[PDB]
Amino acid sequence: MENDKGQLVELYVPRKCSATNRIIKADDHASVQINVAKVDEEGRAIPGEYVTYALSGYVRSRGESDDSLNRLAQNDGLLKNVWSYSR
Amino acid sequence: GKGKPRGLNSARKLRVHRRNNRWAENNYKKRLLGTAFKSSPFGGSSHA
Amino acid sequence: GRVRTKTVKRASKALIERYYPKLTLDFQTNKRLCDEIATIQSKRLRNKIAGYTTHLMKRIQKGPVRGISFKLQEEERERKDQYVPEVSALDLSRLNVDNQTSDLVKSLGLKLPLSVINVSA
Amino acid sequence: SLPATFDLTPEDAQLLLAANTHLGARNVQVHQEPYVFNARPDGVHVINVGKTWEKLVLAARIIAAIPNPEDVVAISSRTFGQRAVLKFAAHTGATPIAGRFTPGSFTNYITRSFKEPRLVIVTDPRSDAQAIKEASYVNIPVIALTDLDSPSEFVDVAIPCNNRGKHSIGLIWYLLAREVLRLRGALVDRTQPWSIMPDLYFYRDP
Amino acid sequence: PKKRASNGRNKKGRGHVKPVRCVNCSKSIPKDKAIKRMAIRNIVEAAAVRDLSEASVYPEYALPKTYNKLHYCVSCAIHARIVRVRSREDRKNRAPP
Amino acid sequence: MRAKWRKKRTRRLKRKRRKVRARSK
Amino acid sequence: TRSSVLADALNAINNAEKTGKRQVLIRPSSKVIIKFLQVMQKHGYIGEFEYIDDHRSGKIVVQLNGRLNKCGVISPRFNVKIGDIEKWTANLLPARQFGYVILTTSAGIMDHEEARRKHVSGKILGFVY
Amino acid sequence: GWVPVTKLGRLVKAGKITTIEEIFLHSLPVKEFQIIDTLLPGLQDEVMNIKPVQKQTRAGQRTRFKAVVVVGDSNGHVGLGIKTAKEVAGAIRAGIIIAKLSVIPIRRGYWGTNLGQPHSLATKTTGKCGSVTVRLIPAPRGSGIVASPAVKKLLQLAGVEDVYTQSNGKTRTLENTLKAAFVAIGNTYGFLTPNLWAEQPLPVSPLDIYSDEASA
RNA sequence: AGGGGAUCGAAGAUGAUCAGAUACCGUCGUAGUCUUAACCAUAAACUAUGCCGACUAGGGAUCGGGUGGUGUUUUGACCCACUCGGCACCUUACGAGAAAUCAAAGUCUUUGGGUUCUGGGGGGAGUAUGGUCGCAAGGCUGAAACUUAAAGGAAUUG
RNA sequence: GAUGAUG
């Protein structure tokens with residue numbers, strides 16, 4: 001949100017849930033952020049290097065968190081045959 | 001829906017319905033009955 | 001009634017966890033130890049403290065008492081926690097699986113020594 | 001993407017089939033349906049051990065991302081998992097919670113049990129419900145060993161396994177310990193098995 | 001307020017349920033609301049079973065039994081200590097003792 | 001008083017107004 | 001009975017969008033339903049959708065994203081003058097920089113700021129913001 | 001003095017967190033009131049009202065006092081807190097602390113063209129506590145805060161210059177009206193306007209990039 | 001108005017209790033209770049919740065019909081899975097509510113799917129009066145003068 | 001499962 005001459009006039013731009021695309025407010029305390037370690041050629045983690053995901057409080061409360069992480073992970077190569085689109 | 005008509009051609013029912021219920025109000029009831037002139041000792045005057 | 005208050009219960013507990021090797025079943029011996037190992041304000045309370053410490057000592061001879069632990073006891077415990085049998089119970093002593101369990105192995109593509117047995121409701 | 005050596009080996013498949021990590025519950029809830037393979041007569045539902053393994057490595061990779069090993073907390077209120085937890089923490093650097101879980105460990109900051117981890121692992125979401133509930137107030141991710149009927153709310157990475165058996169719970173904890181150490185390099189080679197028998201994790205109550 | 005979702009009776013999907021009479025006070029109460037107990041006892045009390053065996057002409061005679069089903073109104077069920085006032089959370093329980 | 005018995009009283013009162021007034025018909 | 005098919009379609013989208021779903025199935029389909037969903041799609045609020053033929057007035061499946069906040073109809077389809085559009089947007093839009101009121105006109109189904117460009121007006125249908 | 005107990009307080013004291021916007025962005029829990037006054041040094045507090053409450057006993061009425069307190073920067077930060085205590089002074093003193101731990105961010109936008117600085121809210125918002133529902137609508141410049149005295153103060157301390165308000169329900173229970181306004185004003189950052197539709201990489205938590213300093 | 005009239009039993013008659021007891025308790029007992037013909041039109045007639053339609057969470061039990069399993073004991077009865085239509089029930093709060101609580105009492109200040117009926121502080125009053133229906137008891141329709149600062153709903157500590 | 005009104 002800019003003013004008439006291209007200056008951002010916003011306190012901060014919040015994150016968004018990866019599973020549902022909603023805003024993670026300042027006090028969404030069910031919300032979490034997972035870090036998944038990348039693996040080097042030899043087969044051992046590369047410190048500080050992550051594939052990061054966010055899930056909102058709503059998603060986790062309904063019980064969909066596990067399922068929606070399977071989908072995101074597979075789309076990023078971190079799983080092979082866990083999630084099927086044609087349920 | 002809520003308990004009133006909503007059609008484009010429902011104006012008649014919404015007029016009549018409101019007219020009937022206005023009588024539950026005290027100001028409307030006393031004014032149109034004309035109880036000021038009929039019964040009030042001052043007969044609607046501010047002083048006597 | 002001869003119930004003992006928390007001041008007595010905890011002072012006695014605090015002495016066993018530090019002085020098991022030096023404590024004994026004798027009341028007269030324990031009574032004299034508690035003069036040199038604690039600062040208590042009265043003969044009456046000292047006698048009660050030493051009395052209940054003796055009482056717990058008899059208990060420990062019969063077995064572990066809940067909520068009191070001391071060096072000698074725990075060291076034996078951890079040794080019993082390092083146990084590991086001669087051979088794993090999971091080892092293939094001869095593995096039996098159902099028809100549906102066999103179908104799973106085929107789907108994954110693994111080679112195993114299956115033996116198939118039937119089942120019913 | 002992971003290399004080809006992370007795939008399921010027949011040696012492992014023997015362990016998973018030997019401890020009956022595949023014999024699940026007679027009733028399955030909707031969220032766990034993907035993990036089912038087929039239905040045996042008598043109602044037992046076989047679990048797809050392939051997804052048990054893949055979910056075990058993925059969980060293992062989240063643990064390895066925590067900078068400090070002490071900020072991983074392992075819980076097991078029920079007995080069949082208490083020995084396992086006390087040994088997961090020993091081999092890795094986790095903080096175990098075996099036995100009673102005092103309400104307010106994660107939300108009350110003047111209690112002697114105060115911990116603020118970056119990840120919690122639990123053995124049974126139905127009996128360790130307090131830890132899951134308290135996690136949701138302070139933004140702590142959760143990993144839970146899950147049966148086909150166990151509840152999944154406020155759980156992020158569920159590892160499907162048969163949790164009604166002594167050997168099954170022990171084995172899953174053992175393999176998380178193994179995979180984590182290999183990732184961190186404490187074990188040099190993935191091809192050679194671990195020198196600690198998995199039965200070190202199993203329960204004993206004579 | 002509404003004290004119970006069952007309205008203190010087992011009637012759903014019916015208009016009427018025929019009445020029954022209480023076994024103490026004779027007061028009428030719909031069958032579905034009455035408190036019902038099935039009492040069964042030996043015809044000879046425990047103290048007398050021995051003396052009756054000695055007197056029995058027949059050898060190995062099996063003791064008969066008495067069967068009756070008893071209907072109580074709410075007032076007489078409270079008094080006889082057949083049911084008792086119960087706490088709010090404890091009211092929802094359906095299982096026998 | 002109880003609603004039922006107040007209703008009764010008004011009924012046994014109307015029944016009497018209804019007949020005293022019948023004397024003038 | 002089923003009085004408005006556009007009302008049911010927009011209610012199903014709303015219900016699923018609030019429960020985090022990524023797609024819906026709306027039955028039955030209609031010309032006004034497609035044209036409504038084409039204005040929403042143009043402004044980025046739904047994404048792709050597909051029409052299934054079944055010889056029986058048909059079905060649709062609509063992909064969703066998190067963008068949509070609310071969508072719905074105004075019933076009855078009131079008459080709107082060209083000076084009355086400013087009193088409808090003011091009532092049922094969050095702020096006057098984003099949001100649309102979709103209204104059927106002689107030019108076709110459109111949104112209000114297109115109706116200003118083209119200088120047309122007609123019956124109001126619904127809103128999307 | 002102050003000796004931090006939580007991880008976040010340790011980083012904040014060390015200076016490795018600089019702006020309160022990082023805490024909001026990652027939605028970290030704030031449990032020590034010193035974290036707030038070390039990052040928002042300009043907060044000012046106004047005490048709304050003090051009311052007595054009573055419970056009966058064998059020997060009469062036990063009486064305590066209940067205070068409402070609002071803390072704010074007047075530049076986009078407000079907090080609301082309530083506490084009951086045996087002394088009026090202790091109620092106010094504890095009311096300021098609870099108020100600080102509940103600071104939330106506000107969003108401000110334009111009524112019309114984006115000329116100059118933000119002055120009002122970006123979108124209509126509603127909040128409810130008990131029966132009282134408060135609604136906030138953007139207003140042009142020069143309108144001011146058109147609200148009752150109590151709700152007006154809390155909107156001044158969040159930095160809103162021009163805003164309309166409408167209310168429904170039993171407003172005279174001031175605790176609910178102020179708590180309903182607080183929900184309405186904090187909801188402004190949950191509304192996904194179309195200028196936020198762009199995708200941003202998720203930042204790495206400060207609690208993870210400064211792990212060493214957090215533990216000690 | 002005929003028939004029937006055993007039991008129970010407004011009225012009524014009696015014994016006891018009591019300061020009184022034209023009440024509760026014990027014993028009698030007419031109308032009634034049952035049926036045919038013809039009236040009456042009311043109830044806490046209650047789920048204190050109008051009807052048609054679409055959509056939104058988990059678990060199991062049961063009633064009726066149908067499909068698959070040549071399932072298993074002797075077409076039928078059972079058993080496993082599935083499905084349509086019912087009476088309901090257990091857990092939860094995305095949601096609703098002043099709360100009790102609610103899978104509808106949700107998808108309502110982000111207020112519009114169609115439609116019908118009723119309410120406007122407590123009393124006077126469901127009263128007076130005029131119509132209309134009934135053999136009668138009464139039913140439907142239904143005010144005003146005047147009086148009043150509180151009546152009331154759900155929860156909380158005593 | 002006898003009696004027990006009022007301030």
# chains A, B, ... in the order shown; residues from 1 in each chain; ligands from 1
>>> interface_residues(of="chain B", to="chain G", cutoff="12 Å", atoms="only C-alpha atoms", output="VMD selection string")
chain B and resid 1 5 to 10
>>> interface_residues(of="chain G", to="chain A", cutoff="10 Å", atoms="only C-alpha atoms", output="ChimeraX atom specification")
/G:17-22,64-67
>>> write_last_selection(atoms="C-alpha atoms", output="CSV table (one decimal), in the first residue's frame")
chain,number,residue,atom,x,y,z
G,17,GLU,CA,-14.1,-20.6,0.5
G,18,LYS,CA,-14.7,-20.0,4.2
G,19,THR,CA,-13.8,-23.6,5.0
G,20,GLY,CA,-10.5,-23.5,3.1
G,21,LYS,CA,-11.5,-25.7,0.2
G,22,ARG,CA,-9.8,-25.2,-3.2
G,64,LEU,CA,-10.9,-21.3,-5.9
G,65,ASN,CA,-8.0,-19.4,-4.3
G,66,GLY,CA,-8.0,-17.5,-1.0
G,67,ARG,CA,-8.7,-14.2,-2.7
>>> closest_atom_pairs(of="chain I", to="chain B", cutoff="12 Å", atoms="only C-alpha atoms (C1' of nucleotides)", output="Markdown table")
| residue | atom | partner | partner_atom | distance |
| --- | --- | --- | --- | --- |
| I:50 | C1' | B:3 | CA | 10.6 |
| I:51 | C1' | B:3 | CA | 11.9 |
| I:52 | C1' | B:1 | CA | 11.5 |
| I:53 | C1' | B:1 | CA | 10.9 |
| I:108 | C1' | B:2 | CA | 10.0 |
| I:111 | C1' | B:2 | CA | 11.7 |
| I:112 | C1' | B:6 | CA | 8.0 |
| I:113 | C1' | B:1 | CA | 6.7 |
| I:114 | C1' | B:1 | CA | 7.4 |
| I:115 | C1' | B:5 | CA | 7.0 |
| I:116 | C1' | B:3 | CA | 8.0 |
| I:117 | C1' | B:3 | CA | 8.9 |
| I:118 | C1' | B:3 | CA | 10.6 |
| I:119 | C1' | B:24 | CA | 9.3 |
| I:120 | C1' | B:24 | CA | 6.0 |
| I:121 | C1' | B:26 | CA | 11.5 |
| I:144 | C1' | B:35 | CA | 10.2 |
| I:145 | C1' | B:39 | CA | 8.9 |
| I:146 | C1' | B:39 | CA | 11.9 |
>>> atom_distance(atom1="atom CA of residue 73 of chain G", atom2="atom CA of residue 33 of chain G")
11.2 Å
>>> interface_residues(of="chain D", to="chain I", cutoff="9 Å", atoms="only C-alpha atoms (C1' of nucleotides)", output="JSON, numbers by chain")
{"D": [29, 30, 41, 42, 43]}
>>> residues_around(residues="residue 53 of chain E", least_positions_apart="6", cutoff="10 Å", atoms="only C-alpha atoms (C1' of nucleotides)", output="PyMOL selection string")
chain E and resi 59-63
>>> write_last_selection(atoms="N, CA, C and O atoms", output="short mmCIF file (atom, residue, chain, number, x, y, z; two decimals), in the first residue's frame")
data_model
loop_
_atom_site.label_atom_id
_atom_site.label_comp_id
_atom_site.auth_asym_id
_atom_site.auth_seq_id
_atom_site.Cartn_x
_atom_site.Cartn_y
_atom_site.Cartn_z
N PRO E 59 -35.43 -85.60 46.79
CA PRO E 59 -34.02 -85.23 46.80
C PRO E 59 -33.67 -84.37 45.59
O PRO E 59 -34.27 -84.49 44.52
N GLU E 60 -32.70 -83.49 45.79
CA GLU E 60 -32.26 -82.56 44.75
C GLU E 60 -33.45 -81.86 44.08
O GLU E 60 -33.80 -82.12 42.94
N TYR E 61 -34.08 -80.97 44.85
CA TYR E 61 -35.18 -80.14 44.36
C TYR E 61 -34.68 -78.72 44.12
O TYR E 61 -34.15 -78.08 45.04
N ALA E 62 -34.87 -78.21 42.90
CA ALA E 62 -34.38 -76.90 42.53
C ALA E 62 -35.33 -75.81 43.02
O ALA E 62 -36.55 -75.90 42.82
N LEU E 63 -34.79 -74.78 43.65
CA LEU E 63 -35.63 -73.76 44.25
C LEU E 63 -36.32 -72.94 43.17
O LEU E 63 -35.66 -72.41 42.28
#
>>> residues_around(residues="residue 133 of chain I", least_positions_apart="5", cutoff="12 Å", atoms="only C-alpha atoms (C1' of nucleotides)", output="MDAnalysis selection string")
chainID I and resid 40:41 138:141
>>> interface_residues(of="chain E", to="chain I", cutoff="7 Å", atoms="only C-alpha atoms (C1' of nucleotides)", output="VMD selection string")
chain E and resid 1 12 to 13
>>> atom_distance(atom1="atom CA of residue 39 of chain C", atom2="atom CA of residue 15 of chain C")
12.0 Å
>>> decode(residues="segment 13-43 of chain A", atoms="N, CA, C and O atoms", output="PDB file, in the first residue's frame")
ATOM      1  N   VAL A  13       3.904  -6.142   6.117  1.00  0.00           N
ATOM      2  CA  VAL A  13       3.140  -7.008   5.228  1.00  0.00           C
ATOM      3  C   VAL A  13       3.155  -8.408   5.831  1.00  0.00           C
ATOM      4  O   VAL A  13       4.233  -9.005   5.939  1.00  0.00           O
ATOM      5  N   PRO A  14       2.017  -8.954   6.242  1.00  0.00           N
ATOM      6  CA  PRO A  14       2.011 -10.242   6.936  1.00  0.00           C
ATOM      7  C   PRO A  14       2.228 -11.428   6.003  1.00  0.00           C
ATOM      8  O   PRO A  14       2.148 -11.327   4.782  1.00  0.00           O
ATOM      9  N   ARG A  15       2.510 -12.573   6.618  1.00  0.00           N
ATOM     10  CA  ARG A  15       2.673 -13.830   5.908  1.00  0.00           C
ATOM     11  C   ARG A  15       1.313 -14.371   5.486  1.00  0.00           C
ATOM     12  O   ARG A  15       0.268 -13.812   5.819  1.00  0.00           O
ATOM     13  N   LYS A  16       1.307 -15.481   4.757  1.00  0.00           N
ATOM     14  CA  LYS A  16       0.058 -16.123   4.373  1.00  0.00           C
ATOM     15  C   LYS A  16       0.195 -17.635   4.434  1.00  0.00           C
ATOM     16  O   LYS A  16       1.246 -18.182   4.104  1.00  0.00           O
ATOM     17  N   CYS A  17      -0.872 -18.303   4.844  1.00  0.00           N
ATOM     18  CA  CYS A  17      -0.856 -19.749   4.949  1.00  0.00           C
ATOM     19  C   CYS A  17      -0.640 -20.382   3.586  1.00  0.00           C
ATOM     20  O   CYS A  17      -1.168 -19.921   2.576  1.00  0.00           O
ATOM     21  N   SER A  18       0.170 -21.435   3.560  1.00  0.00           N
ATOM     22  CA  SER A  18       0.490 -22.106   2.311  1.00  0.00           C
ATOM     23  C   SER A  18      -0.640 -22.999   1.845  1.00  0.00           C
ATOM     24  O   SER A  18      -0.762 -23.265   0.649  1.00  0.00           O
ATOM     25  N   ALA A  19      -1.453 -23.490   2.773  1.00  0.00           N
ATOM     26  CA  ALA A  19      -2.521 -24.409   2.426  1.00  0.00           C
ATOM     27  C   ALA A  19      -3.779 -23.694   1.964  1.00  0.00           C
ATOM     28  O   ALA A  19      -4.524 -24.247   1.151  1.00  0.00           O
ATOM     29  N   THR A  20      -4.049 -22.487   2.461  1.00  0.00           N
ATOM     30  CA  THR A  20      -5.304 -21.814   2.168  1.00  0.00           C
ATOM     31  C   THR A  20      -5.168 -20.354   1.772  1.00  0.00           C
ATOM     32  O   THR A  20      -6.164 -19.770   1.343  1.00  0.00           O
ATOM     33  N   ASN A  21      -3.996 -19.743   1.909  1.00  0.00           N
ATOM     34  CA  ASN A  21      -3.729 -18.403   1.389  1.00  0.00           C
ATOM     35  C   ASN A  21      -4.397 -17.285   2.183  1.00  0.00           C
ATOM     36  O   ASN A  21      -4.759 -16.258   1.614  1.00  0.00           O
ATOM     37  N   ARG A  22      -4.561 -17.444   3.485  1.00  0.00           N
ATOM     38  CA  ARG A  22      -5.108 -16.397   4.333  1.00  0.00           C
ATOM     39  C   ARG A  22      -4.002 -15.765   5.167  1.00  0.00           C
ATOM     40  O   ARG A  22      -2.895 -16.287   5.274  1.00  0.00           O
ATOM     41  N   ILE A  23      -4.317 -14.628   5.761  1.00  0.00           N
ATOM     42  CA  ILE A  23      -3.343 -13.859   6.522  1.00  0.00           C
ATOM     43  C   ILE A  23      -3.163 -14.483   7.892  1.00  0.00           C
ATOM     44  O   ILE A  23      -4.134 -14.891   8.535  1.00  0.00           O
ATOM     45  N   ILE A  24      -1.916 -14.573   8.340  1.00  0.00           N
ATOM     46  CA  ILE A  24      -1.587 -15.059   9.672  1.00  0.00           C
ATOM     47  C   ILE A  24      -1.434 -13.825  10.554  1.00  0.00           C
ATOM     48  O   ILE A  24      -0.404 -13.150  10.530  1.00  0.00           O
ATOM     49  N   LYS A  25      -2.460 -13.533  11.350  1.00  0.00           N
ATOM     50  CA  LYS A  25      -2.516 -12.289  12.103  1.00  0.00           C
ATOM     51  C   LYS A  25      -1.402 -12.233  13.131  1.00  0.00           C
ATOM     52  O   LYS A  25      -0.603 -13.164  13.236  1.00  0.00           O
ATOM     53  N   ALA A  26      -1.346 -11.139  13.892  1.00  0.00           N
ATOM     54  CA  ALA A  26      -0.305 -10.956  14.893  1.00  0.00           C
ATOM     55  C   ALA A  26      -0.473 -11.868  16.095  1.00  0.00           C
ATOM     56  O   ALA A  26       0.492 -12.077  16.829  1.00  0.00           O
ATOM     57  N   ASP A  27      -1.660 -12.416  16.312  1.00  0.00           N
ATOM     58  CA  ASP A  27      -1.944 -13.229  17.484  1.00  0.00           C
ATOM     59  C   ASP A  27      -2.613 -14.540  17.108  1.00  0.00           C
ATOM     60  O   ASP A  27      -3.513 -15.014  17.796  1.00  0.00           O
ATOM     61  N   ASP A  28      -2.197 -15.146  16.001  1.00  0.00           N
ATOM     62  CA  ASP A  28      -2.664 -16.479  15.630  1.00  0.00           C
ATOM     63  C   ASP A  28      -1.707 -17.485  16.240  1.00  0.00           C
ATOM     64  O   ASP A  28      -0.724 -17.892  15.628  1.00  0.00           O
ATOM     65  N   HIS A  29      -2.005 -17.907  17.457  1.00  0.00           N
ATOM     66  CA  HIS A  29      -1.057 -18.682  18.231  1.00  0.00           C
ATOM     67  C   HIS A  29      -1.171 -20.175  17.996  1.00  0.00           C
ATOM     68  O   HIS A  29      -0.363 -20.933  18.537  1.00  0.00           O
ATOM     69  N   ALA A  30      -2.136 -20.621  17.206  1.00  0.00           N
ATOM     70  CA  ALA A  30      -2.114 -21.982  16.699  1.00  0.00           C
ATOM     71  C   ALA A  30      -1.256 -22.107  15.456  1.00  0.00           C
ATOM     72  O   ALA A  30      -0.953 -23.225  15.040  1.00  0.00           O
ATOM     73  N   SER A  31      -0.851 -20.989  14.871  1.00  0.00           N
ATOM     74  CA  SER A  31      -0.092 -20.994  13.637  1.00  0.00           C
ATOM     75  C   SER A  31       1.337 -21.447  13.870  1.00  0.00           C
ATOM     76  O   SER A  31       1.935 -21.185  14.911  1.00  0.00           O
ATOM     77  N   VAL A  32       1.892 -22.120  12.868  1.00  0.00           N
ATOM     78  CA  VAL A  32       3.231 -22.681  12.942  1.00  0.00           C
ATOM     79  C   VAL A  32       3.928 -22.457  11.608  1.00  0.00           C
ATOM     80  O   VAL A  32       3.315 -22.070  10.617  1.00  0.00           O
ATOM     81  N   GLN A  33       5.233 -22.700  11.607  1.00  0.00           N
ATOM     82  CA  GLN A  33       6.073 -22.576  10.422  1.00  0.00           C
ATOM     83  C   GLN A  33       7.107 -23.690  10.468  1.00  0.00           C
ATOM     84  O   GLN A  33       7.956 -23.702  11.359  1.00  0.00           O
ATOM     85  N   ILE A  34       7.042 -24.613   9.515  1.00  0.00           N
ATOM     86  CA  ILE A  34       7.901 -25.791   9.484  1.00  0.00           C
ATOM     87  C   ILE A  34       9.124 -25.511   8.628  1.00  0.00           C
ATOM     88  O   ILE A  34       9.044 -24.826   7.607  1.00  0.00           O
ATOM     89  N   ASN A  35      10.268 -26.033   9.061  1.00  0.00           N
ATOM     90  CA  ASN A  35      11.516 -25.972   8.316  1.00  0.00           C
ATOM     91  C   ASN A  35      11.939 -27.395   7.997  1.00  0.00           C
ATOM     92  O   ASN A  35      12.028 -28.231   8.898  1.00  0.00           O
ATOM     93  N   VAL A  36      12.195 -27.674   6.723  1.00  0.00           N
ATOM     94  CA  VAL A  36      12.543 -29.011   6.261  1.00  0.00           C
ATOM     95  C   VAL A  36      13.954 -28.962   5.711  1.00  0.00           C
ATOM     96  O   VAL A  36      14.241 -28.186   4.794  1.00  0.00           O
ATOM     97  N   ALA A  37      14.831 -29.788   6.259  1.00  0.00           N
ATOM     98  CA  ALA A  37      16.239 -29.705   5.919  1.00  0.00           C
ATOM     99  C   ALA A  37      16.494 -30.219   4.513  1.00  0.00           C
ATOM    100  O   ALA A  37      16.038 -31.302   4.139  1.00  0.00           O
ATOM    101  N   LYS A  38      17.224 -29.434   3.734  1.00  0.00           N
ATOM    102  CA  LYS A  38      17.765 -29.920   2.483  1.00  0.00           C
ATOM    103  C   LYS A  38      18.881 -30.908   2.772  1.00  0.00           C
ATOM    104  O   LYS A  38      19.512 -30.868   3.829  1.00  0.00           O
ATOM    105  N   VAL A  39      19.126 -31.806   1.828  1.00  0.00           N
ATOM    106  CA  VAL A  39      20.107 -32.869   1.994  1.00  0.00           C
ATOM    107  C   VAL A  39      21.141 -32.752   0.886  1.00  0.00           C
ATOM    108  O   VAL A  39      20.787 -32.661  -0.294  1.00  0.00           O
ATOM    109  N   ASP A  40      22.413 -32.751   1.268  1.00  0.00           N
ATOM    110  CA  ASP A  40      23.509 -32.653   0.322  1.00  0.00           C
ATOM    111  C   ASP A  40      23.717 -33.989  -0.380  1.00  0.00           C
ATOM    112  O   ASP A  40      23.032 -34.979  -0.114  1.00  0.00           O
ATOM    113  N   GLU A  41      24.689 -34.018  -1.290  1.00  0.00           N
ATOM    114  CA  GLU A  41      24.884 -35.199  -2.122  1.00  0.00           C
ATOM    115  C   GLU A  41      25.189 -36.430  -1.282  1.00  0.00           C
ATOM    116  O   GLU A  41      24.640 -37.507  -1.528  1.00  0.00           O
ATOM    117  N   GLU A  42      26.049 -36.290  -0.275  1.00  0.00           N
ATOM    118  CA  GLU A  42      26.409 -37.434   0.549  1.00  0.00           C
ATOM    119  C   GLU A  42      25.244 -37.954   1.377  1.00  0.00           C
ATOM    120  O   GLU A  42      25.290 -39.100   1.828  1.00  0.00           O
ATOM    121  N   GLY A  43      24.210 -37.153   1.589  1.00  0.00           N
ATOM    122  CA  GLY A  43      23.080 -37.600   2.373  1.00  0.00           C
ATOM    123  C   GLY A  43      23.045 -37.046   3.780  1.00  0.00           C
ATOM    124  O   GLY A  43      22.647 -37.749   4.710  1.00  0.00           O
TER     125      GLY A  43
END
